[PDB]
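Notes for the structure review
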Amino acid sequence: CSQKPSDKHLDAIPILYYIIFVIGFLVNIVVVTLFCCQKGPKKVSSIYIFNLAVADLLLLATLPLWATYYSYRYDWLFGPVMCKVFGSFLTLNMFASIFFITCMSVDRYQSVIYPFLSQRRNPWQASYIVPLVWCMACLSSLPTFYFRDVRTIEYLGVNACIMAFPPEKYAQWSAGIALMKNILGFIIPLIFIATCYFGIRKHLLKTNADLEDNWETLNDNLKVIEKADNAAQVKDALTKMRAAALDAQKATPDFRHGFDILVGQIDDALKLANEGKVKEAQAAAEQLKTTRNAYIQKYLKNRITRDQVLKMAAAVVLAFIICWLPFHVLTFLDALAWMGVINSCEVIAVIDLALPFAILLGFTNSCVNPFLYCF
Amino acid sequence: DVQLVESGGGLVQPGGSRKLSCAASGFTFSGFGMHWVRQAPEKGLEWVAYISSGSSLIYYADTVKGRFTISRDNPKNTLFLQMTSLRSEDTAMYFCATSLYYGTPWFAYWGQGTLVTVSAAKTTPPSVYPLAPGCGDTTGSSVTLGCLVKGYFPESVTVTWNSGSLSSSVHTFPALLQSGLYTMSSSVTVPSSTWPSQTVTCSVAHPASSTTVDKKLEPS
Amino acid sequence: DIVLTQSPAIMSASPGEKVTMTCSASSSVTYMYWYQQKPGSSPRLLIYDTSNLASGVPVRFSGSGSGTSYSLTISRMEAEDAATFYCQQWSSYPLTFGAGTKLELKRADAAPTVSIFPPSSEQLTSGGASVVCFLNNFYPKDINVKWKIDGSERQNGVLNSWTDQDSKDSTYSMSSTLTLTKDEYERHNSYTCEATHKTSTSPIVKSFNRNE
Amino acid sequence: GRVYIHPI
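Residues numbered from 1 in each chain as written, not as in the entry; some residues may be left out. Chains lettered and ligands numbered in written order. Heavy atoms only, no water.

Method of determination for the deposited model, per the PDB record: X-ray crystallography, at 3.2000 Å resolution.

If you check the PDB entry, chain B appears there as FabH from Mus musculus.

Condition: UniProt positions are given in the numbering used here, feature names are shortened, and annotations may be inferred rather than shown by experiment.
Its UniProt record gives chain A the following Subcellular location comment, quoted word for word: "Cell membrane". Listed in UniProt under the heading Sequence similarities, the comment for chain A reads: "Belongs to the G-protein coupled receptor 1 family."

Section: unusual backbone geometry
Residues and elements named next belong to chain B. Convention followed: For helices the rule is a DSSP run of H or I covering at least 4 residues; for strands it is a run of E covering at least 2, with both sets numbered from the N terminus onward.
Between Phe153 and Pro154 the backbone carries a cis peptide bond, its omega angle lying at 0°. Mapped onto the elements of the fold, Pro154 is located in the loop between β12 (143-152) and β13 (158-162). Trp195 connects to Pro196 through a cis peptide bond whose omega is 0°. The phi angle at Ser167 is positive, at roughly 55°, despite the residue not being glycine.

Brief notes about the domain arrangement of chain B
Residue and element names in this part refer to chain B. We count it as follows: Domain boundaries shown here were taken from an automatic or database domain assignment. We call two residues in contact whenever any of their non-hydrogen atoms come within 4.5 Å of each other. We define buried area as the total accessible area lost by two parts upon association, computed with a 1.4 Å probe and summed across both.
Partitioning chain B into structural domains gives domain 1 (1-121) and domain 2 (122-220). On the domain 2 side, the residues contacting the seven residues of domain 1 number six residues. Roughly 490 Å² of surface becomes buried between domain 1 and domain 2 when both sides are summed, with 71% attributable to carbon and sulfur atoms. When the buried surface of domain 1 facing domain 2 is broken down by residue, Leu11, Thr117 and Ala121 rank first, second and third, together holding 67% of it.

Brief notes about the state of the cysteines
Operational definition: Here, a disulfide means two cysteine sulfur atoms that sit within 2.5 Å of each other. The cut-offs for exposure are 20% and 50% of the maximum accessible area for each residue type, with area from a 1.4 Å probe on protein chains only; residues under the lower value are buried, those over the upper are exposed, and the others partly exposed.
Scanning the model with the defined rule gives six disulfides over all chains in all. Bridging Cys22 of chain B to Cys96 of chain B, the disulfide has an S-S length of 2.0 Å. What sets the handedness of the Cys22 of chain B and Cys96 of chain B disulfide is the S-S torsion sign, and at about 80° it is right-handed. Within this pair, whereas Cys22 of chain B is found in strand β3 (residues 17-25), its partner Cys96 of chain B is found in strand β9 (residues 92-97), the two being separated by 74 residues in sequence. Exposure class is identical for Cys22 of chain B and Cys96 of chain B. Each is buried. Sequence-ordered numbering of the disulfide-bonded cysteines in chain B gives the connectivity 1-2, 3-4. Listing the disulfide partners of chain A by sequence rank of the bonded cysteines yields 1-4, 2-3. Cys37 of chain A supplies the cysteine sulfur nearest to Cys36 of chain A, a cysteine that is in no disulfide, at a spacing of 8.9 Å. Here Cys135 of chain B stays free of any disulfide, with the sulfur of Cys133 of chain C as its closest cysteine sulfur at 17 Å.

Comments concerning the pairing of β3 of chain B
All names here are of chain B. Using the following cut-off: DSSP-based pairing: two strands are paired if at least 2 bridges between them are found.
Both strand β1 (residues 3-7) and β3 contribute to a ladder of five bridges, which runs antiparallel. Within β3, the residue paired with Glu6 across the bridge is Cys22. In the sheet, β3 pairs with strand β8 (residues 78-84) via seven bridges, with the strands oriented antiparallel. Bridge pairing in β8 links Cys22 to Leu79.

Looking at the packing of helix α5 (residues 170-226) of chain A against helix α9 (residues 297-338) of chain A
Residue and element names in this part refer to chain A. Where we set the bar: Axis angles are defined between N-to-C directions and span 0 to 180 degrees, where every axis is a line fitted to C-alpha atoms and, for a helix, only to the segment in contact. Put simply, angles under 35 degrees are roughly parallel, angles over 145 are roughly antiparallel, angles from 65 to 115 are roughly perpendicular, and the rest are oblique. We call a crossing left-handed when the near helix sits turned anticlockwise from the far one by less than a right angle, and right-handed when that turn is clockwise. As a working rule, the residues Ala, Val, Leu, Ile, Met, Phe, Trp, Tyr, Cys and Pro are called nonpolar, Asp, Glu, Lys and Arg charged, and the rest polar, with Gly in that last group.
Running from N to C, α5 and α9 cross one another at 160°; their axes reach a closest spacing of 9 Å. As summarised for this structure, α5 and α9 are arranged roughly antiparallel, according to the angle between their axes. The interaxial crossing formed by α5 with α9 has left-handed handedness. Split by residue class, the contact of α5 with α9 holds 28 nonpolar, seven polar and five charged.

Remarks on the sheet that holds strand β13 (residues 128-138) of chain C
Residues and elements named next belong to chain C. Read from one edge to the other, the open sheet built from four strands follows the order β12-β13-β17-β16, with strand pairing classed as antiparallel. With partners counted over all chains shown, the strands left at the sheet margins are β12 (113-117) and β16 (158-162), one partner each. The average angle at which neighbouring strand axes cross in this sheet is 15°, direction not considered. The pairing of β16 with strand β17 (residues 172-181) spans five bridges and is classified as antiparallel. In the strand pairing of β17, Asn160 is matched with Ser176.

Quick word on the UniProt feature "disulfide bond" in chain A
All names here are of chain A. Annotation check: the disulfide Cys1-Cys345 recorded in UniProt is satisfied, the sulfur-sulfur distance being 2.0 Å, below 2.5 Å. The exposure class assigned to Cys345 is partly exposed, which follows from its relative accessible area of 25%. Between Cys83 and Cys161, where UniProt records a disulfide, the sulfur-sulfur distance comes to 2.0 Å, consistent with the annotated bond. Residue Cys83 is found in helix α3 (residues 80-113), and its partner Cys161 is found in strand β2 (residues 158-163); the two are separated by 78 residues along the sequence. By the burial criterion, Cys83 is buried, and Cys161 matches it.

Focus: the pairing of strand β10 (residues 114-118) of chain B
Residues and elements named next belong to chain B. Most of β10 sits out of view: four of its five residues are buried. As defined by bridge partners, strand β2 (residues 10-12) adjoins β10 across three bridges and the pair is classed as parallel. Among the inter-strand pairings, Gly10 is bridged to a residue of β10, identified as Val116. When β9 meets β10, the two strands line up antiparallel, connected through three bridges. Residue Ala92 lies in a different strand from β10, and its bridge partner there is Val116.

Structural notes on the interface of chain C and chain B
Operational definition: A pairing counts as a salt bridge when a side-chain nitrogen of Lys or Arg comes within 4 Å of a carboxyl oxygen of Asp or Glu. Throughout this description, a polar contact denotes any pair of N or O atoms lying within 3.5 Å of each other; where both atoms belong to protein, one of them has to be capable of donating a hydrogen while the other can accept it, and for residues adjacent in sequence the pair is counted only when both atoms sit in side chains.
The partner chain B presents 46 residues to the 42 residues of chain C that form the contact. In this assembly, chain C packs against chain B so that about 3,400 Å² is buried in total across both faces, 66% of it on carbon and sulfur atoms. Our enumeration of links across chain C and chain B arrives at one salt bridge. Notably, a salt bridge pairs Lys215 of chain B with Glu122 of chain C, separated by 3.4 Å at the nearest N-O pair. At the boundary of chain C with chain B, the tally comes to nine residue pairs in polar contact.

Here it is, written out as structure tokens:
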């Protein structure tokens, strides 16, 4: 089974590393400098955007050394100290990036389902969350700080910057740290991001559906008022208009001015209905037609922002899953190969061939991520 | 098409130094480790040195360790071997060989090899003496002739026979050391119809002394 | 530092025969490698990682062994296989080769064609006297040569050089040069080049007298 | 043998 696998697959690897380096580096420079221009006086999402683009900026800043690493075919020539600092720094920027993306999914979830959270105490909370995110990321990168070292490989005739696990239990430590990367670097962020997407999709879609429901009941009840001259009919139709106007009030962005004005006019028209004046209430219903027909413009604003926000959440989820999925799949079944489950030689060879491309796929997530979040 | 070309061989006096070069073409040189492997005259192969692709890992053989210095130039795709304190035991043919695979310890691509002779002797051009039969040998049998190359230094010479059109059996004999100098011979068999009616010449090329002799083989 | 011992050192084989050569190591060896080299050229890789065939190498070549005993095997001998084969071990640097195994092509026995040559006029007018004797196209390679001046055996100043196995007819040829002073040359008359070989029960002789 | 060489 054991043969020398095709090693001519890593010829274009440093070229891709440099392409991702220049593209993602320039993009993150544009975003970070834009935050250095507009600043954003005491905001929540802008801070997370800035720190995220900073983590990605440091990651792509460390990309060129690994491009040189793949250029010399796994030969590290910079020393053990640089292997420690730049390896653990790369992992640190990765974990900080993913954790910041998850935290942004949480902040958007709270900002959508609970529009109550609109205080300036939230930035002061971020003044503790950001150091907490960096703290959890460092404590997550400690295994990449204690084992990442330079070791000599004689069969390859190459000094490689590897994870120097104890050779007695090397496979167990490898599969264990790999499982730590799978759970801490994808599973939990996929649970949080996924549940956030299901929440925003549920609340958003049901919200818009209820909005159309109420609106159509409004037009139906007004058309009923216009062609019905009875005692206990205009009152009930006005009651339906008030109830459906109160249930459709829940539309937080102007809007509250229109909905509240409508509720007030329906209320006064109901006051005229409770006295017996029907004609004046019908003229007031014509004025209601003037208000609602003069206020359909923003009703489309709600729909447009519905579509845009939906495509934004779906774009974030699909981006994260598509990008960081193959790396953690190959890391998972690779960890299965470490513990003896997968002993097929050519399969493990395929793993070792496809892992670097997946690493560049996660780095591609760090590249396009500011393009998706900032723009 | 992988091409490895050695250069820098010659005659060195004991204790001196030399710089062997290995030009590489046909592949990405800055990715695979390189090896130096020599071969003594009339003896087998001997691994000398190895250098990594980024010069981060170097291995020397115990025979040359402490004297030879293997270096690398990736921007110019060139391998270098600086030989200091040369001795007669270092006289050999030096090849640069790699595996074209990370830097593994096998040799899948060898070079032409360059000859390094370590001796205090002087470069001497060869003395070529034509070998023709004594008398006629008039039995009509096929004629065997030769050329004796005596008293030259360094080792490599080439004898090329210019005789009749084909119909010649050439035998080049390896050089032995007598009286401190190299000596060898070369025979050729041609039909009795050619010699001496046709001209049969032997050419002795000694590039170490940059001398070329042409003997015509006249009957004695 | 691992010492490699190849056996046999010199062996012959006819076309269509199985060939196997052994390479034993002092210490244990991780991977063994096998290289082929023909006279006047560079080596080429036959076997890598003990038992893997290199690209472009025929399937006849196979490598085996483990621990401290390895072996190369040509399943069906071909005329293009006759060369020198080396084994190179890797378990920890430095790297070491074997002495080699010279595989000659087995052939029918051939008697040598002996032709003697007196010293030329150039060498005589120079001051030296070399009497040459050529033994062309014989098999096997083993052959003995005795120079005799006026019937007296002379071995001081003789050089015997064998060629490699001729690729045209798988034969051997040897050159024997008897160098001596022009004075001693002029004082004798009969110069005899004797050569005992397997192909004849009596010696094969080529002599000349200066009285001719 | 097998070792982990990739950066992540």
